[PDB]
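Only one chain comes next, encoded as C-alpha cells, the form deposited in one PDB entry.
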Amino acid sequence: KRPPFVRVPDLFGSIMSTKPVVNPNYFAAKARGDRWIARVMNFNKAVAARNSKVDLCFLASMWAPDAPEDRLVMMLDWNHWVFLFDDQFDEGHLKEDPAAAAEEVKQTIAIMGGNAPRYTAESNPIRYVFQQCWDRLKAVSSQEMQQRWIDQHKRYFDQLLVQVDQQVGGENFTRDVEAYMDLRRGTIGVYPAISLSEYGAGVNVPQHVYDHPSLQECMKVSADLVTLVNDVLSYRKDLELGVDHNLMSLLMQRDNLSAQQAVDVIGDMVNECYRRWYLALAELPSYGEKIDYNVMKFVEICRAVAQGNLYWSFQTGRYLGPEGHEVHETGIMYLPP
C-alpha cells in the first residue's frame, strides 16, 4: 500500500495524446492575472511567487486556446477563485462544517444574478473574484449562456455539500466507487470549467443541443478524466494534507488494494473513459453544418478541459512541480515513507 514508488498508467493516451494547443496570450494574461490575484489576496513576495509557480494560467490557456487576452485573464481569475474556493472545503474551514458550507454556497450562488452584496477585495476577497468574473461573463453572454454558467456552478456547489456530508458522516470510506465518482463529477469543477471555456471560446451551442445525452456524457467523461488524473497526481498532497477524497485512498482503504493495484484501476477507468467518449459521440445527432461546427468546438472544449488539466497536473507547483515531468517520462511516481 505504501511502497517507495507506484507505476503510473499512461495518462497521455488516446484523445489525450495530441500536442496541446496553448493560448498565445498566456504570457500577457499570466502577468496580469498573477499580479492581480496577489494584490487581491494580499499575497506577499513569496506567497505570490508560490502561486505564480502553480501557473493556473497554463491551465486556462489550454482550455480556450483562441480566447482573446481579456477573456483569458478572466479565465485565470476564475481559476484562482475555484482553487482558493475549493480549498475551503478540502483543508479550510468548511471541511467538517455542513452549516457554514451550505451558507458559503448560498452566498456564492446569489452573486450570479441574485441578492448578494457588492463585494470588495477587502470585504470578502474570494467572493469578490468570483463576482468580478460573473460580471464579465454576464456582459458578453446570452441570458441562456448565463443560465448555463449558473446551473453548472450549481452542480459543483451541490456536490461540495454532499462532500461535507459524507465527510462528517464518516462515509468517506464507506461510499463505493460509483458514489465517489458521482461526487467528484461535481466537486472536480469541470462542469463550470467547461462553461468558463465556452465563454473564453465564444461558443454557445443551443441549450437543446447541449442537453443531448451525448454531449452531457462528453462533459461527464471529461470530468472523470480530470478526476482520475487529479487523484493520481495530487495523491501526495492528499497524504500531506489529510484529505480522504481521492480514489486511490478509497480503493486501498475500502477494497484492500495495494497502492499499485489502485493506480492500475485508475488506468482501467481512464481508458474506459476514452471508450465512453467515442460511444457517446456516436449518438450525437447532427443539427446541420452551422451548429455542428460549434458542437465540434464544444466537444473540443470538453477534451481541452481534460488535456489542459492533464498537462497542467504534471508540472504545477501545487502537486509535484518539476518532478512531474520525470513521472511523465518514466511512469514512476515516488511516494512518501
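We number the residues from 1 along the sequence you see. Rigid core here is just the name for the largest C-alpha set that superposes within 1.5 Å across the two forms.
What comes next is about the form deposited in another entry, which does not appear here.
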Exercise for the section: Overlay on the rigid core first, then point out the one of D151, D158, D255, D97 whose CA is displaced 2 Å or more between this form and the one not shown. Expected result: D255
Exercise for the section: Indicate whether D238 shows a C-alpha shift of 2 Å or more between this form and the one not shown, with the rigid core used for the fit. Expected result: yes
Exercise for the section: Return yes or no for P24: a CA shift of at least 2 Å between this form and the one not shown, with the rigid core superposed? Expected result: no
